[PDB]
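By convention in this document, chain letters (A, B, ...) are assigned in the order of the sequence lines, proteins followed by strands, and residues within each chain are numbered from 1. Only heavy atoms go into these numbers, but all of them, side chains included; no hydrogens, no water, no symmetry mates.
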2 protein chains.
Amino acid sequence: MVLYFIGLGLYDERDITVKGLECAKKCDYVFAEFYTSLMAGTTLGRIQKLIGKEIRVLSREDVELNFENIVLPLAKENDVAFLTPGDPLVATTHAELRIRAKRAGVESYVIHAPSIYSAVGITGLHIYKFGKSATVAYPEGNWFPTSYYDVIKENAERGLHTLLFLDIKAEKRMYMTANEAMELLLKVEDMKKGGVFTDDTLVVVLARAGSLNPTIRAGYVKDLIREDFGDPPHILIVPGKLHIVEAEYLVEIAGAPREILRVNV
Amino acid sequence: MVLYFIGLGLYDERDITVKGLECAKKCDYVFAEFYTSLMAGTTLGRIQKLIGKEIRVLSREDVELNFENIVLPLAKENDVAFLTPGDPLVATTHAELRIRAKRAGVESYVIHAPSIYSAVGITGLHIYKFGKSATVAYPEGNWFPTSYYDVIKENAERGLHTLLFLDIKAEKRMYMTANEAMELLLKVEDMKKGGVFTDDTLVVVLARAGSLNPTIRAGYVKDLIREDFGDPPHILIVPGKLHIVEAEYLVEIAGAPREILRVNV
Ligand SMILES: Nc1ncnc2c1ncn2[C@@H]1O[C@H](CSCC[C@H](N)C(=O)O)[C@@H](O)[C@H]1O
Ligand code: NA
């Protein structure tokens, strides 16, 4: 009679919370999805070993089209868990699944876990200063999307930071690198000429948040565009004007050039 | 030889990640602060029991003025941990403590935990649609904070949602309720008269995120301003322009007036 939305966390199998783990262990059935994102620091086998139960993986179609035929039926007579990377309901379409549960007469509860939305706090950038967020999508065929560029523009214009999610082909396990994102943004700049993203733009790259050894780098595009930030996933951020405290953290902790203390503050 | 920043999560001691628990267990000394947020579902005893270590609680002054005199000295010959509610680097000034550690020759590591910043996803509002965040602070003497009002105005103008952290005076055991935040906002409105926050403004209240049955309510200020949302902590959200799916969730899950289903595209 109960469906539990449980977040897996940032990186590996130990990023789930104690509450989430214990709940997963008490559920009769455990489902998971890895189409919204992957857990780069672990494997399905390791998550299964930790939970001590077989995990049935669901595709985007299984969830988006048949959630009520695959998961909800069992949730009527058993305790069922639905695992998702990060924090449940952060993924735009998952909240509606709670409505489907209601329509089916199934109770649902949410057990949270860390999300990159809050984890970016490790970059030293003040969380309250983040504005609208966006996703950098790969252009394809005759389609060249650029709305993420406009989001950066509107945020920076108001002195806010922009959290940029990078494209991912979950099914094919293919990540867009921060390097590719920067190249794309420069191309968009050459197109729109808005003076929004250039070789002189200060950016922050966060790789493998959740790991005990994440990569946190800050610097100008001209210098970071060919830098190796390690294995994915990569998150790109375009800070607005910095608080001196933010700049000092980027210099001391993220290896940013001292120059930011006078140019970007 | 190192210092661990470990978040304890939203509500109770089990909101800590497995990673945070295992790392905390292997530390020689454990410190913590409980003034940046309120963990309404646990106590120091339960936390100590779970981690199996005695925990030394620090005041805002112990941290802000003497972190390097109380905590860092021990991290030079032992592994030390510093626990905080939610995520240690979200809506706190704790990030600067990493600079203090560095200058003291102490390497530090961060272990995330669920944060209210991402937990807002449970309201059904698209997390990427949130703009600049702000804090509703208690007036003090002749000083009456009002900047949070302008934040709402700026976000709303852009169709973005506004997350409002509410004030807290831990030493006085004072936790601002969404009701008190609404009252203050109405007073600021009478002054600035920007039509930003009125009896007709749609708001969303999230109380005790992290618990199994948090209070999630949406409606007009005139109707919610005197509603009982249960024990603290509470956060208040002023949505911008709603997507239909956001409105549907607010109505179905947060008991919002069915009339908000009719969006003015
Ligand atoms: N479980 C919870 N439910 C509702 N609001 C919460 C909350 N935890 C924190 N808050 C809100 O955030 C304020 C503390 S701000 C510190 C937040 C913390 N670092 C985190 O990551 O969550 C509180 O005064 C309250 O308004
Ligand atoms: Na945000």
If we only count heavy atoms from C-beta on, is the A/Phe82 to A/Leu3 side-chain gap below 4.5 Å?
yes

Is B/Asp231 salt-bridged to B/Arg208, going by a charged N under 4.0 Å from an acidic O?
no

Does the side chain of B/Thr162 come under 3.5 Å of the side chain of B/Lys132 through a donor N or O and an acceptor N or O?
no

Kindly compute the distance separating CD1 (B/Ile16) from NE2 (B/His112), expressed to the nearest 0.5 Å.
13.5 Å

Count the heavy atoms belonging to other residues, nucleotides or ligands that lie under 6.0 Å from CD of B/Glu259, then report whether that count exceeds 12.
yes

Going by heavy atoms in the side chains, are B/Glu154 and A/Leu160 under 4.5 Å from each other?
yes

Heavy atoms from other residues, nucleotides or ligands near CZ of A/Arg60 exceed 12 (cutoff 6.0 Å):
yes

Would you please test B/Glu96 and A/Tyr249 for side chain to side chain donor-acceptor pair (under 3.5 Å) and show each step?
CA-CA 7 Å; B/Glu96 180 278 324; A/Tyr249 183 106; over 6 Å; no

May I ask you to check whether B/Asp87 and B/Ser115 show a side-chain donor-acceptor distance below 3.5 Å?
no

Hey, what do you get for CD1 (A/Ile99) to NZ (A/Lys102), rounding to the nearest 0.5 Å?
8.0 Å

If I take atom OG from residue A/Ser108 and atom OH from residue A/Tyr4, how far apart are they, to the nearest 0.5 angstrom?
10.5 Å

Please determine, by modelled atom types, if B/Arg158 and A/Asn155 share a side-chain donor-acceptor pair under 3.5 angstrom.
yes

Can you list the residues that meet the ring-ring contact (aromatic ring centres under 6.0 Å, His included) rule with B/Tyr117, with sequence neighbours excluded?
none

Apply the test salt bridge (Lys or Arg N to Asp or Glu O under 4.0 Å) to residues A/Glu157 and A/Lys153: give CA-CA distance (whole Å), side-chain angles for both, the deciding distance (0.1 Å), then the verdict.
CA-CA 6 Å; A/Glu157 181 173 302; A/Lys153 179 183 176 300; 2.8 Å; yes

Derivation and outcome, side chain to side chain donor-acceptor pair (under 3.5 Å), residues B/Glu140 and B/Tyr138
CA-CA 6 Å; B/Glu140 303 188 67; B/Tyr138 280 122; over 6 Å; no

Using a strict 4.0 Å threshold on nitrogen-to-oxygen distance, state whether B/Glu252 and A/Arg103 make a salt bridge.
yes

Do the ring planes of A/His126 and A/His243 sit parallel (below 30°), tilted (30 to 60°) or perpendicular (above 60°)?
tilted

Hey, are the side chains of B/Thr201 and B/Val238 touching, using non-hydrogen atoms and a 4.5 Å cut-off?
yes

Return the CD1 to OG1 distance between A/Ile127 and B/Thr92, rounded to the nearest 0.5 Å.
9.5 Å

Does A/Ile111 reach the side chain of A/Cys23, with side-chain heavy atoms less than 4.5 Å apart?
yes

Say whether A/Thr17 and B/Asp15, considering side chains only, have a donor N or O and an acceptor N or O under 3.5 Å apart.
no

Nearest heavy-atom neighbours spanning B/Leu184 and B/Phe144:
CD2-CZ, 3.7 Å

Does the side chain of A/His234 come under 3.5 Å of the side chain of A/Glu180 through a donor N or O and an acceptor N or O?
no

When you look at CD1 of B/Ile244, are more than 12 heavy atoms from neighbouring residues, nucleotides or ligands closer to it than 6.0 Å?
no

Determine whether B/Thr42 and B/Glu13 satisfy the following criterion, side chain to side chain donor-acceptor pair (under 3.5 Å), listing intermediate values before the conclusion.
CA-CA 6 Å; B/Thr42 189; B/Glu13 77 279 346; 2.5 Å; yes

Stepwise side chain to side chain donor-acceptor pair (under 3.5 Å) check, A/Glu171 with A/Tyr35
CA-CA 6 Å; A/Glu171 302 68 43; A/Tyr35 66 78; over 6 Å; no

